[PDB]
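Peer 1: Let me begin by handing over the structure; questions about it come next.
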Amino acid sequence: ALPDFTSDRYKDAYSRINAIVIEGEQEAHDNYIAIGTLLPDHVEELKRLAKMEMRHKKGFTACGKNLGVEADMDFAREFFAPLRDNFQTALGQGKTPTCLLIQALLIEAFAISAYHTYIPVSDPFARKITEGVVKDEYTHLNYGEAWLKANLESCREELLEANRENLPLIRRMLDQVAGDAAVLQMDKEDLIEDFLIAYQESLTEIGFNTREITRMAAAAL
Ligand SMILES: CCCCCCCCC[C@H]1C[C@@H]1C(=O)O
Ligand SMILES: [Fe+3]
Ligand SMILES: [Fe+3]
């Protein structure tokens, strides 16, 4: 069941998946620095999170180089454009809960699911890099959960709107990546399950009840 990492079929799918991961890590760095303009007293902690994202980007860049694959960066920029646009719109409006739901919850849960699914089918070099990134994703999810949990009473409606608008974009991103992910021997059903479990667990931690969460996860449709 392990893929042939040297085949043209594998390298072609990897060129797009690796580019999406590299672009995602760069946008994650940018997003935590941007949140620092909304939360000036959190700047040092956000800089630390942004620095971890740069370490992840460098590591995944090395994964692509190791397989002799040239990352399709243009494809990756277009892939993130819808979610990036919604983050920039919220940032410009000073909407911190929306920025945090997009980056610290949706994007981190998407990263956790993708990385957990990739690890058992990854090449030995990439496996170590991916394993060394997963602990940091939980740190980032925890940061977002902690702020939203402390501020839930003033941003309940905003979070429901942010979820309604952005959860379907994650669903569309999963649909667009499924073909290439299957070449990498990753099952779309495992990616969906792991993402929903991480996202539902974060919403539970924040303080949403079962009914609220069910209504929220249903927005994906
Ligand atoms: C098969 C799915 C692979 C594509 C999904 C990878 C998304 C990368 C998400 C990174 C930006 C998130 C982070 O570092 O917090
Ligand atoms: Fe990361
Ligand atoms: Fe992250």
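Labeling convention for the structure tokens: chains A, B, ... as they appear, residues from 1 per chain, ligands from 1 in order of appearance.
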Can you tell me, as a PDB file with N, CA and C atoms, in the first residue's frame, what residues are no more than 12 Å from region 137-142 of chain A when counting only C-alpha atoms, ignoring any on the same chain fewer than 6 positions away?
Peer 2:
```pdb
ATOM      1  N   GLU A  25       1.463  27.059   5.008  1.00  0.00           N
ATOM      2  CA  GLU A  25       2.359  27.413   6.118  1.00  0.00           C
ATOM      3  C   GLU A  25       2.758  28.893   6.029  1.00  0.00           C
ATOM      4  N   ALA A  28      -0.269  30.880   7.048  1.00  0.00           N
ATOM      5  CA  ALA A  28      -0.436  30.728   8.504  1.00  0.00           C
ATOM      6  C   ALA A  28       0.504  31.707   9.249  1.00  0.00           C
ATOM      7  N   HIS A  29       1.788  31.784   8.840  1.00  0.00           N
ATOM      8  CA  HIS A  29       2.746  32.756   9.400  1.00  0.00           C
ATOM      9  C   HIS A  29       2.131  34.167   9.284  1.00  0.00           C
ATOM     10  N   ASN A  31      -0.942  35.140   8.766  1.00  0.00           N
ATOM     11  CA  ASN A  31      -2.183  35.284   9.519  1.00  0.00           C
ATOM     12  C   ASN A  31      -1.923  35.543  10.999  1.00  0.00           C
ATOM     13  N   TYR A  32      -0.961  34.832  11.614  1.00  0.00           N
ATOM     14  CA  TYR A  32      -0.679  35.074  13.045  1.00  0.00           C
ATOM     15  C   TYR A  32      -0.047  36.447  13.262  1.00  0.00           C
ATOM     16  N   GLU A  45       3.452  36.254  21.753  1.00  0.00           N
ATOM     17  CA  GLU A  45       2.993  34.889  21.583  1.00  0.00           C
ATOM     18  C   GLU A  45       2.677  34.613  20.092  1.00  0.00           C
ATOM     19  N   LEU A  46       2.036  35.578  19.395  1.00  0.00           N
ATOM     20  CA  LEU A  46       1.719  35.413  17.959  1.00  0.00           C
ATOM     21  C   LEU A  46       2.981  35.335  17.097  1.00  0.00           C
ATOM     22  N   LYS A  47       4.045  36.080  17.475  1.00  0.00           N
ATOM     23  CA  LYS A  47       5.324  36.000  16.774  1.00  0.00           C
ATOM     24  C   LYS A  47       5.919  34.605  16.912  1.00  0.00           C
ATOM     25  N   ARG A  48       5.776  34.002  18.103  1.00  0.00           N
ATOM     26  CA  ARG A  48       6.280  32.647  18.362  1.00  0.00           C
ATOM     27  C   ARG A  48       5.541  31.635  17.498  1.00  0.00           C
ATOM     28  N   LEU A  49       4.208  31.765  17.385  1.00  0.00           N
ATOM     29  CA  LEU A  49       3.382  30.883  16.555  1.00  0.00           C
ATOM     30  C   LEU A  49       3.772  31.048  15.086  1.00  0.00           C
ATOM     31  N   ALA A  50       3.977  32.311  14.636  1.00  0.00           N
ATOM     32  CA  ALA A  50       4.357  32.630  13.246  1.00  0.00           C
ATOM     33  C   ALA A  50       5.719  32.028  12.919  1.00  0.00           C
ATOM     34  N   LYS A  51       6.649  32.047  13.877  1.00  0.00           N
ATOM     35  CA  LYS A  51       7.982  31.462  13.688  1.00  0.00           C
ATOM     36  C   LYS A  51       7.909  29.951  13.516  1.00  0.00           C
ATOM     37  N   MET A  52       6.997  29.280  14.248  1.00  0.00           N
ATOM     38  CA  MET A  52       6.779  27.833  14.079  1.00  0.00           C
ATOM     39  C   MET A  52       6.297  27.553  12.654  1.00  0.00           C
ATOM     40  N   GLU A  53       5.410  28.387  12.138  1.00  0.00           N
ATOM     41  CA  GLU A  53       4.878  28.224  10.782  1.00  0.00           C
ATOM     42  C   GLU A  53       5.991  28.314   9.744  1.00  0.00           C
ATOM     43  N   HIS A  56       7.808  25.064   9.790  1.00  0.00           N
ATOM     44  CA  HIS A  56       7.036  24.051   9.048  1.00  0.00           C
ATOM     45  C   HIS A  56       7.220  24.241   7.536  1.00  0.00           C
ATOM     46  N   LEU A 100      -9.592  34.385  13.875  1.00  0.00           N
ATOM     47  CA  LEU A 100      -9.177  33.245  14.690  1.00  0.00           C
ATOM     48  C   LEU A 100      -9.909  31.980  14.297  1.00  0.00           C
ATOM     49  N   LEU A 101     -11.206  32.062  13.983  1.00  0.00           N
ATOM     50  CA  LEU A 101     -11.911  30.860  13.523  1.00  0.00           C
ATOM     51  C   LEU A 101     -11.310  30.354  12.190  1.00  0.00           C
ATOM     52  N   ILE A 102     -11.010  31.282  11.265  1.00  0.00           N
ATOM     53  CA  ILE A 102     -10.448  30.865   9.976  1.00  0.00           C
ATOM     54  C   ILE A 102      -9.074  30.228  10.176  1.00  0.00           C
ATOM     55  N   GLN A 103      -8.151  30.946  10.813  1.00  0.00           N
ATOM     56  CA  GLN A 103      -6.823  30.374  10.948  1.00  0.00           C
ATOM     57  C   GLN A 103      -6.677  29.341  12.038  1.00  0.00           C
ATOM     58  N   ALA A 104      -6.913  29.755  13.298  1.00  0.00           N
ATOM     59  CA  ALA A 104      -6.598  28.889  14.438  1.00  0.00           C
ATOM     60  C   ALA A 104      -7.486  27.669  14.591  1.00  0.00           C
ATOM     61  N   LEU A 105      -8.717  27.694  14.026  1.00  0.00           N
ATOM     62  CA  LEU A 105      -9.597  26.533  14.118  1.00  0.00           C
ATOM     63  C   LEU A 105      -9.697  25.805  12.792  1.00  0.00           C
ATOM     64  N   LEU A 106     -10.281  26.431  11.745  1.00  0.00           N
ATOM     65  CA  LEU A 106     -10.497  25.711  10.467  1.00  0.00           C
ATOM     66  C   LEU A 106      -9.192  25.270   9.805  1.00  0.00           C
ATOM     67  N   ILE A 107      -8.286  26.203   9.584  1.00  0.00           N
ATOM     68  CA  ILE A 107      -7.035  25.867   8.899  1.00  0.00           C
ATOM     69  C   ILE A 107      -6.177  24.897   9.709  1.00  0.00           C
ATOM     70  N   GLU A 108      -6.052  25.120  11.031  1.00  0.00           N
ATOM     71  CA  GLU A 108      -5.264  24.189  11.861  1.00  0.00           C
ATOM     72  C   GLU A 108      -5.894  22.783  11.864  1.00  0.00           C
ATOM     73  N   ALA A 109      -7.245  22.684  11.914  1.00  0.00           N
ATOM     74  CA  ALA A 109      -7.900  21.359  11.923  1.00  0.00           C
ATOM     75  C   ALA A 109      -7.684  20.686  10.571  1.00  0.00           C
ATOM     76  N   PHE A 110      -7.635  21.492   9.512  1.00  0.00           N
ATOM     77  CA  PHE A 110      -7.406  20.961   8.149  1.00  0.00           C
ATOM     78  C   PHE A 110      -5.965  20.422   8.082  1.00  0.00           C
ATOM     79  N   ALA A 111      -5.009  21.161   8.656  1.00  0.00           N
ATOM     80  CA  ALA A 111      -3.584  20.770   8.682  1.00  0.00           C
ATOM     81  C   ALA A 111      -3.429  19.470   9.495  1.00  0.00           C
ATOM     82  N   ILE A 112      -4.022  19.425  10.692  1.00  0.00           N
ATOM     83  CA  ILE A 112      -3.949  18.236  11.566  1.00  0.00           C
ATOM     84  C   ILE A 112      -4.484  16.989  10.831  1.00  0.00           C
ATOM     85  N   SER A 113      -5.642  17.127  10.186  1.00  0.00           N
ATOM     86  CA  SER A 113      -6.241  16.000   9.451  1.00  0.00           C
ATOM     87  C   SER A 113      -5.318  15.566   8.316  1.00  0.00           C
ATOM     88  N   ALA A 114      -4.834  16.525   7.515  1.00  0.00           N
ATOM     89  CA  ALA A 114      -3.965  16.220   6.360  1.00  0.00           C
ATOM     90  C   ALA A 114      -2.688  15.556   6.812  1.00  0.00           C
ATOM     91  N   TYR A 115      -2.062  16.090   7.862  1.00  0.00           N
ATOM     92  CA  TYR A 115      -0.792  15.544   8.335  1.00  0.00           C
ATOM     93  C   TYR A 115      -0.951  14.183   8.987  1.00  0.00           C
ATOM     94  N   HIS A 116      -2.046  13.948   9.764  1.00  0.00           N
ATOM     95  CA  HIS A 116      -2.297  12.634  10.378  1.00  0.00           C
ATOM     96  C   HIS A 116      -2.546  11.592   9.290  1.00  0.00           C
ATOM     97  N   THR A 130       6.902  15.561   9.074  1.00  0.00           N
ATOM     98  CA  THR A 130       5.476  15.681   9.379  1.00  0.00           C
ATOM     99  C   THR A 130       5.206  15.371  10.857  1.00  0.00           C
ATOM    100  N   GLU A 131       5.807  14.287  11.381  1.00  0.00           N
ATOM    101  CA  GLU A 131       5.670  13.915  12.794  1.00  0.00           C
ATOM    102  C   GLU A 131       6.126  15.059  13.724  1.00  0.00           C
ATOM    103  N   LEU A 148     -11.071  32.296  22.092  1.00  0.00           N
ATOM    104  CA  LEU A 148     -12.496  32.239  21.747  1.00  0.00           C
ATOM    105  C   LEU A 148     -13.311  31.789  22.943  1.00  0.00           C
ATOM    106  N   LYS A 149     -12.769  30.848  23.750  1.00  0.00           N
ATOM    107  CA  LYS A 149     -13.433  30.396  24.993  1.00  0.00           C
ATOM    108  C   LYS A 149     -13.580  31.568  25.982  1.00  0.00           C
ATOM    109  N   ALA A 198     -11.432  17.053  14.863  1.00  0.00           N
ATOM    110  CA  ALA A 198     -10.622  18.140  15.426  1.00  0.00           C
ATOM    111  C   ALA A 198     -11.454  19.412  15.588  1.00  0.00           C
ATOM    112  N   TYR A 199     -12.247  19.754  14.569  1.00  0.00           N
ATOM    113  CA  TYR A 199     -13.054  20.974  14.601  1.00  0.00           C
ATOM    114  C   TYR A 199     -14.162  20.892  15.661  1.00  0.00           C
ATOM    115  N   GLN A 200     -14.858  19.748  15.754  1.00  0.00           N
ATOM    116  CA  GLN A 200     -15.918  19.572  16.781  1.00  0.00           C
ATOM    117  C   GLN A 200     -15.336  19.613  18.188  1.00  0.00           C
ATOM    118  N   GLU A 201     -14.157  19.018  18.380  1.00  0.00           N
ATOM    119  CA  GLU A 201     -13.486  19.069  19.687  1.00  0.00           C
ATOM    120  C   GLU A 201     -13.096  20.492  20.082  1.00  0.00           C
ATOM    121  N   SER A 202     -12.682  21.339  19.103  1.00  0.00           N
ATOM    122  CA  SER A 202     -12.307  22.724  19.391  1.00  0.00           C
ATOM    123  C   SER A 202     -13.549  23.503  19.782  1.00  0.00           C
ATOM    124  N   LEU A 203     -14.666  23.276  19.067  1.00  0.00           N
ATOM    125  CA  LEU A 203     -15.921  23.988  19.366  1.00  0.00           C
ATOM    126  C   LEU A 203     -16.452  23.588  20.728  1.00  0.00           C
ATOM    127  N   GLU A 205     -14.541  22.663  23.298  1.00  0.00           N
ATOM    128  CA  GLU A 205     -13.643  23.348  24.235  1.00  0.00           C
ATOM    129  C   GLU A 205     -14.021  24.819  24.398  1.00  0.00           C
ATOM    130  N   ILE A 206     -14.365  25.483  23.300  1.00  0.00           N
ATOM    131  CA  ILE A 206     -14.777  26.896  23.296  1.00  0.00           C
ATOM    132  C   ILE A 206     -16.049  27.114  24.116  1.00  0.00           C
TER     133      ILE A 206
END
```
Peer 1: Can you pull out every residue within 10 Å of region 4-14 of chain A, counting only C-alpha atoms, but drop anything in the same chain fewer than 6 positions away, and send it as number ranges by chain?
Peer 2: A: 20, 63-64, 67-72, 122-123, 177, 179-185
Peer 1: Name the residues in contact with residue 92 (chain A) at a cut-off of 12 Å, using only C-alpha atoms, excluding same-chain residues fewer than 6 positions from it; report them as JSON, numbers by chain.
Peer 2: {"A": [34, 35, 37, 38, 85, 86, 98, 99]}
Peer 1: With N, CA, C and O atoms retained, export the selected residues as a PDB file, in the first residue's frame.
Peer 2:
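Below is the file again.pdb, written as the result:
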```
ATOM      1  N   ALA A  34      -0.645  39.097  11.334  1.00  0.00           N
ATOM      2  CA  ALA A  34      -1.778  40.013  11.125  1.00  0.00           C
ATOM      3  C   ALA A  34      -2.695  40.104  12.367  1.00  0.00           C
ATOM      4  O   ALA A  34      -3.171  41.194  12.699  1.00  0.00           O
ATOM      5  N   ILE A  35      -2.948  38.964  13.041  1.00  0.00           N
ATOM      6  CA  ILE A  35      -3.790  38.907  14.254  1.00  0.00           C
ATOM      7  C   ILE A  35      -3.154  39.782  15.360  1.00  0.00           C
ATOM      8  O   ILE A  35      -3.877  40.400  16.138  1.00  0.00           O
ATOM      9  N   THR A  37      -1.911  42.627  14.969  1.00  0.00           N
ATOM     10  CA  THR A  37      -2.369  44.023  14.803  1.00  0.00           C
ATOM     11  C   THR A  37      -3.729  44.220  15.478  1.00  0.00           C
ATOM     12  O   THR A  37      -4.069  45.330  15.858  1.00  0.00           O
ATOM     13  N   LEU A  38      -4.493  43.140  15.643  1.00  0.00           N
ATOM     14  CA  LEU A  38      -5.804  43.181  16.298  1.00  0.00           C
ATOM     15  C   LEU A  38      -5.681  42.938  17.790  1.00  0.00           C
ATOM     16  O   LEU A  38      -6.524  43.410  18.560  1.00  0.00           O
ATOM     17  N   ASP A  85      -9.013  35.558   0.985  1.00  0.00           N
ATOM     18  CA  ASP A  85      -9.851  36.745   0.764  1.00  0.00           C
ATOM     19  C   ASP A  85     -10.775  37.013   1.952  1.00  0.00           C
ATOM     20  O   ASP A  85     -10.898  38.160   2.368  1.00  0.00           O
ATOM     21  N   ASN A  86     -11.424  35.960   2.500  1.00  0.00           N
ATOM     22  CA  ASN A  86     -12.308  36.104   3.665  1.00  0.00           C
ATOM     23  C   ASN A  86     -11.526  36.509   4.911  1.00  0.00           C
ATOM     24  O   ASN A  86     -12.018  37.307   5.685  1.00  0.00           O
ATOM     25  N   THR A  98     -13.482  36.152  13.776  1.00  0.00           N
ATOM     26  CA  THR A  98     -13.527  35.560  12.424  1.00  0.00           C
ATOM     27  C   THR A  98     -12.121  35.156  11.993  1.00  0.00           C
ATOM     28  O   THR A  98     -11.934  34.047  11.512  1.00  0.00           O
ATOM     29  N   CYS A  99     -11.135  36.034  12.180  1.00  0.00           N
ATOM     30  CA  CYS A  99      -9.739  35.718  11.841  1.00  0.00           C
ATOM     31  C   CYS A  99      -9.262  34.466  12.583  1.00  0.00           C
ATOM     32  O   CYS A  99      -8.607  33.587  11.993  1.00  0.00           O
TER      33      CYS A  99
END
```
Peer 1: Using backbone DSSP assignments, extract all alpha helix (DSSP H) residues from region 2-191 of chain A; output them as a ChimeraX atom specification.
Peer 2: /A:8-38,43-66,73-92,96-100,108-118,124-150,152-183,188-191
